[PDB]
Amino acid sequence: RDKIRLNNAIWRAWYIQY
Amino acid sequence: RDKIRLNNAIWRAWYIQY
Amino acid sequence: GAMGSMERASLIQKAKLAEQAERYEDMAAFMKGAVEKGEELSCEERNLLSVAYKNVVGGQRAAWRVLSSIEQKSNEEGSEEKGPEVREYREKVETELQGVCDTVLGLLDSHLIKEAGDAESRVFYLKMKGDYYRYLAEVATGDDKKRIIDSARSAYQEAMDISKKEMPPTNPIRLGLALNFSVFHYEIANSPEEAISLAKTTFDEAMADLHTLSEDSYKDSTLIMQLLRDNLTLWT
Amino acid sequence: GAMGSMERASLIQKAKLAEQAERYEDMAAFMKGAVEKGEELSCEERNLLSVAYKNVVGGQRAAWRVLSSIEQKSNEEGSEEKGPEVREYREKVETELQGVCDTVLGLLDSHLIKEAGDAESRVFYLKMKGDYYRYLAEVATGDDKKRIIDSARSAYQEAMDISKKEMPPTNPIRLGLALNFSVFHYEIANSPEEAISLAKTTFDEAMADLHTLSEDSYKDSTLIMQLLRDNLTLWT
Ligand SMILES: O=C(COc1ccccc1P(=O)(O)O)NCC(F)(F)c1ccccc1
Ligand SMILES: O=C(COc1ccccc1P(=O)(O)O)NCC(F)(F)c1ccccc1
């Protein structure tokens, strides 16, 4: 679960950053 | 370095196991 | 159809093997083969189709993001431009990505969606249609973008309408649909408030339905609820 | 040669981009293109060639290991055999792996090794020859195995002979060669004592030469020394 959530957060954060 | 060493150990250990 | 000579059951078995071996291109090709046999897919088979293509397109999107990030660094006076190479290679990846999205959309249109009568299957495929249009939208520009965005919206919306009528608020497919439609609103349609509203509403309504679930279903539903909450935290 | 129309410098630049995007199939194809331009490779370019193909073959080997592991579980009375599928798919991966190894060996033979006069380059390519024969050996059986093993040995040995004569004991290429030849002895040639002896000798002689190095070179040499020590710990 933690890895899935971490993975999701990275993808979603990329949009916000860029 | 740690990840490289860990990666290496996994590959080499696979041969010993199998 | 190179998979045309292989048994449906063999294609499915090899898709599972490819999954275990993390060979997602192979897995996708096997499941494409299975779809092209013309029969409806079971729940398990639908998951295999989704996992395979999600992983393939995921890889291409990640690569595209790296290259896009590099491209826009080089395009300025701050850093010496490197020539046409980064743009060319970014476009190659983009074209391959578009090819995979077009392949998936082709499968859904021929004829998975048409033949999906059950809510579980129909919502699953319409969600997928929305997803692959969303991935196309991420790399599109201008007027072509607007039509792609509308196609994604229309697929998601139809899926939403059925899921509200035919599925409980905790149904993982309904939840995953709402999560992805919410991401569409935020990242594609420039509607952050719609994204947040949808994620919050979805979370609250699922929360109030958790009491109906066994521990197995509870674990699956709370997983997606957590992604909804994670996204809300990021967006608010 | 689909890369035949693209500039050597562009192929190199795109190989670096593919590396950053973790697109190792692309990276390998670009470097193959660059090799086929006919010019010698620089140190940096040699590294790109190696990284690309090592990553491609690494993926195939990992998949092969998964499938082999599954295949041998199903082949017994303890577990219902699944039919020809696992064997067929394992063989498909094996054939692709053999294709990549054959491609690399083709490049080294046409004409990287022939044209490599400097110890640094020649040892690098001969090590690679040994490696890709070693990967072929991992999936070979019977008499075909024995000839492949001898080809790997001969390449490694020639590399060793030059490296001892032309390179200091801490040279990363010399060290990486010894590490891989040691792995060959242990995993391929059924010579664990030769593997251990070589790893220990290599480690001790590198240790006594560390004092000559700057901090940059020290870091590179100690990395491989650590892999040598890790392997020794595992084998003893
Ligand atoms: O982790 C991510 C990051 O994004 C992607 C990453 C790769 C492909 C597509 C997407 P996208 O969400 O953009 O379609 N998404 C959530 C999930 F992995 F899909 C997921 C997991 C578990 C339950 C439900 C959903
Ligand atoms: O980590 C591994 C595990 O094995 C592989 C994994 C993938 C491909 C090939 C091999 P193989 O060693 O079998 O050629 N090997 C050591 C190293 F990654 F190559 C290495 C790293 C840093 C310095 C020197 C060497």
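Convention: sequence-line order gives letters A, B, ...; per-chain numbering from 1. Side-chain atoms are counted along with the backbone in the values below, which use heavy atoms only and exclude waters and symmetry mates.
In this structure C:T170 satisfies the side-chain hydrogen bond (donor to acceptor under 3.5 Å, both in side chains) test together with C:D209, sequence neighbours excluded. In this structure, the side-chain contact (heavy atoms from CB on, under 4.5 Å) partners of D:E25, at least two apart in sequence or on a different chain, are D:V56. Taking D:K127 as the reference, D:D131 meet the side-chain hydrogen bond (donor to acceptor under 3.5 Å, both in side chains) condition, with sequence neighbours excluded. Partners of C:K54 by salt bridge (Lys or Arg N to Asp or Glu O under 4.0 Å), not counting sequence neighbours: none found. D:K16 pairs by the salt bridge (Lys or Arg N to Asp or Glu O under 4.0 Å) definition with D:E44, not counting sequence neighbours.
Between D:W235 and D:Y186, the angle of the ring planes stays under 30°, which puts this pair in the parallel group of the 30/60° scheme. Ring geometry for D:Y132 against D:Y53 counts as perpendicular: the plane angle is over 60°, on a 0 to 90° scale with 30° as the lower cut.
Between C:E215 and C:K219 no salt bridge is recorded (no basic side-chain N to carboxylate O distance below 4.0 Å). Ionic pairing of A:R12 and C:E187 is present here: one or more N-O contacts between side-chain nitrogen and carboxylate oxygen are shorter than 4.0 angstrom.
C:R8 has its side chain within reach of C:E45: a pair of non-hydrogen atoms, C-beta onward, lies under 4.5 Å apart. In this structure, the side chains of D:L41 and D:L48 stay at 4.5 Å or more apart for every pair of heavy atoms.
The shortest non-hydrogen separation linking C:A155 to C:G130 is CB-N, 3.6 Å. Residue B:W11 comes nearest to D:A62 through the heavy atom pair CH2-N, 3.7 Å, listed as atom of the first residue, atom of the second, then distance. The two residues C:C101 and C:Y135 have their closest heavy-atom pair at SG-CB, 3.8 Å.
Rounding to the nearest 0.5 Å gives a distance of 11.0 Å between CG of C:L177 and CZ of C:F124. Distance CE/C:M160 to CG/C:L126: 12.0 Å, rounded to 0.5 Å.
Side-chain rings of D:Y89 and C:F30 approach one another, their centers coming within less than 6.0 Å.
Screening residues 86-101 of chain C for salt bridge (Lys or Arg N to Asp or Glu O under 4.0 Å), with sequence neighbours left out, gives C:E71-C:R90, C:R87-C:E91, C:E88-D:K14, C:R90-C:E94, C:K92-D:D26, C:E96-D:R23.
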Query raised in the report: Taking it one step at a time, do D:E7 and C:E85 satisfy side-chain contact (heavy atoms from CB on, under 4.5 Å)?
Result: CA-CA 10 Å; D:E7 287 279 13; C:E85 286 80 6; 5.9 Å; no
Query raised in the report: Can you list the steps and then say if C:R46 with C:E120 is a salt bridge (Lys or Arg N to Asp or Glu O under 4.0 Å)?
Result: CA-CA 10 Å; C:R46 290 198 298 275; C:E120 64 187 71; 3.2 Å; yes
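A donor-acceptor contact shorter than 3.5 Å is absent between the side chain of D:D109 and the backbone of D:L105.
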